[PDB]
Amino acid sequence: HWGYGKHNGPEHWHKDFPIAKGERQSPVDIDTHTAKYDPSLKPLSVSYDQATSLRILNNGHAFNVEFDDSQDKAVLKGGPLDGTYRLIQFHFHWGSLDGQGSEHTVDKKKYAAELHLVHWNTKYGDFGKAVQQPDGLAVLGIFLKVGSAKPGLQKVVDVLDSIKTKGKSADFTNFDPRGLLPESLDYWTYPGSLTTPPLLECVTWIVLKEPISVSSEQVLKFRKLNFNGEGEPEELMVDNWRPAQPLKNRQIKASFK
Ligand SMILES: NS(=O)(=O)c1ccc(CCN(Cc2cccc(NCC(=O)O)c2)S(=O)(=O)c2ccccc2)cc1
Ligand SMILES: NS(=O)(=O)c1ccc(CCN(Cc2cccc(NCC(=O)O)c2)S(=O)(=O)c2ccccc2)cc1
Ligand SMILES: [Zn+2]
């Protein structure tokens, strides 16, 4: 099975998932001097006041915080998007060291981690149908740097001991994802893909310019998670990021001057 080791990492994925070498793969490097301001982009609407978190799961690659997406409770609209995109889950990608971990890069800069808030287009009815469409998903990406603690992340950090290994889950109700956002919603956007197998080319990427700050203690607790299952030799869950892919025939647009 695929992963992030020497033997099953990103450079191997194309053998089982040939779209790995496709025309709209993610992540990418964001060249800030080449991205063009697009005055036609609408303001982005993040409407998370009625968000209903349910559970947190260690899936052997990352951890997902899952939401009730059976109604329009936590939605993303506007920006580059046509229609309404429901929040289904968030997760992170992070490094073994503070100088790596993000998937997207900014002028080749790597951040310590990257948060992905995953949303699906309601016109396709369910997530599994949406990932088969070029406009099926919208992923809101937010960079993490190490500095001051993020208060809104601590509830996540403190439950990680209870889901140390692959397959473990825990109740995770009443978590407000607004506490993970930066002040500004300025963004870059481009058409891309899932960053893990099956690497489907279904994603409108919206990457925020402003990173959030988390503490060294917070990211240290991410790095104590395990890729392995219970009772197996320990392999720390670190470096679960895909490197930048070729941009090919794509333009990155900026929401801001
Ligand atoms: N294209 S991709 O990224 O989806 C992809 C698919 C399959 C593989 C192959 C993974 N193995 C290399 C390996 C690495 C480490 C240990 C072991 N053996 C110990 C064990 O597990 O009993 C084998 S393995 O076939 O030997 C193997 C398969 C399944 C489970 C365990 C092992 C790579 C990459
Ligand atoms: N890094 S990223 O932001 O680009 C990104 C990468 C991967 C994914 C993973 C999406 N899920 C798994 C999955 C992948 C592909 C297709 C399907 N079809 C539905 C199915 O198989 O039941 C599910 S899921 O784990 O969130 C899920 C589980 C159960 C039900 C629905 C969704 C999200 C986002
Ligand atoms: Zn992701």
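Residue indices begin at 1 and follow the sequence shown. The basis for the numbers below is simple: all heavy atoms, side chains too, and nothing from hydrogens, waters or symmetry mates.
Counting heavy-atom neighbours within 6.0 Å of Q50 CD, excluding the residue itself, gives a total of 12 or less. Around the CG atom of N249, the shell of radius 6.0 Å holds no more than 12 heavy atoms that belong to other residues, nucleotides or ligands. Open room surrounds NZ on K164; 12 or fewer heavy atoms of other groups in view lie less than 6.0 Å from it. Residue-environment remark: CG (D161) stays at or below the threshold of 12 foreign heavy atoms within 6.0 Å.
Scanning all heavy atoms of the two residues, the minimum distance from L76 to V46 falls at CD1-CG2, 3.8 Å. Between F63 and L225, the shortest heavy-atom contact is CD2-CD1, 3.5 Å. Nearest approach of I212 to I142, heavy atoms of both residues: CG2-CG2, 4.0 Å. Here the closest non-hydrogen pair linking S102 and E114 is CB-OE1, 3.6 Å. For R250 against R24, the heavy-atom pair with the smallest separation is NH1-C, 3.2 Å. The nearest pair of heavy atoms linking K253 to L41 is CB-CD1, 4.3 Å.
In this structure, a donor-acceptor pair under 3.5 Å is absent between the side chains of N240 and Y4. Side-chain contact check for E234 and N226: at least one donor-acceptor pair (N or O, by modelled atom type) lies under 3.5 Å. A donor-acceptor contact closer than 3.5 angstrom is absent between the side chains of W205 and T189. In this structure, a donor-acceptor pair under 3.5 Å is present between the side chains of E103 and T195. No donor-acceptor contact under 3.5 angstrom links the side chains of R86 and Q71, judged on distance only. Residues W120 and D69 bring a donor and an acceptor atom of their side chains to less than 3.5 Å of each other. For the 3.5 Å distance criterion, the side chains of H93 and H116 qualify, holding a donor opposite an acceptor. For the residue pair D239 / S96, a side-chain donor-acceptor distance below 3.5 Å is found, with atom types taken as modelled.
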If you look only at distance, which donor and acceptor atoms sit under 3.5 Å apart when one is on a side chain in residues 166-173 and the other is two or more places apart or in another chain?
| from | atom 1 | to | atom 2 | distance (Å) |
| --- | --- | --- | --- | --- |
| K168 | NZ | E230 | OE1 | 3.1 |
| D171 | OD1 | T173 | N | 2.9 |
| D171 | OD1 | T173 | OG1 | 2.8 |

Practice task
Might you work through the side chain to side chain contact (heavy atoms under 4.5 Å, CB included) test for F67 and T52, ending with a clear yes or no?
Solution key: CA-CA 6 Å; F67 289 82; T52 298; 5.7 Å; no
Problem - Stepwise salt bridge (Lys or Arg N to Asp or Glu O under 4.0 Å) check, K248 with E23 - result: CA-CA 6 Å; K248 298 192 163 172; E23 299 304 301; 3.5 Å; yes
Practice task
Evaluate the criterion side chain to side chain contact (heavy atoms under 4.5 Å, CB included) for residue pair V118 and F127; output intermediate values, then yes/no.
Solution key: CA-CA 10 Å; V118 183; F127 182 89; 4.1 Å; yes
Practice task
Apply the test side chain to side chain contact (heavy atoms under 4.5 Å, CB included) to residues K36 and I252: give CA-CA distance (whole Å), side-chain angles for both, the deciding distance (0.1 Å), then the verdict.
Solution key: CA-CA 7 Å; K36 190 172 158 80; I252 306 183; over 6 Å; no
Exercise for the section: Dump the intermediate steps for side-chain hydrogen bond (donor to acceptor under 3.5 Å, both in side chains) on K110 and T105, then the final yes or no. Expected result: CA-CA 5 Å; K110 292 172 179 74; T105 59; over 6 Å; no
Exercise for the section: Take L247 and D29, measure what side chain to side chain contact (heavy atoms under 4.5 Å, CB included) needs, and give me the verdict at the end. Expected result: CA-CA 8 Å; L247 190 61; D29 184 58; over 6 Å; no
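In this structure, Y190 has its ring center closer than 6.0 angstrom to the ring center of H104. For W188 and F256, the ring centers are positioned less than 6.0 Å apart. Under the 6.0 Å cut-off for aromatic ring centres, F90 and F175 qualify, their centroids lying closer than that.
For the side chain to side chain contact (heavy atoms under 4.5 Å, CB included) test with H119, the passing option among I88, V139, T84, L140 is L140; the others fail.
Looking at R55 and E66, a side-chain N of the basic residue comes within less than 4.0 Å of a carboxylate O on the acidic one, giving a salt bridge.
In this structure, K109 is positioned above the aromatic face of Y111, its NZ or CZ under 6.0 Å from the six-membered ring centre and within 45° of the axis.
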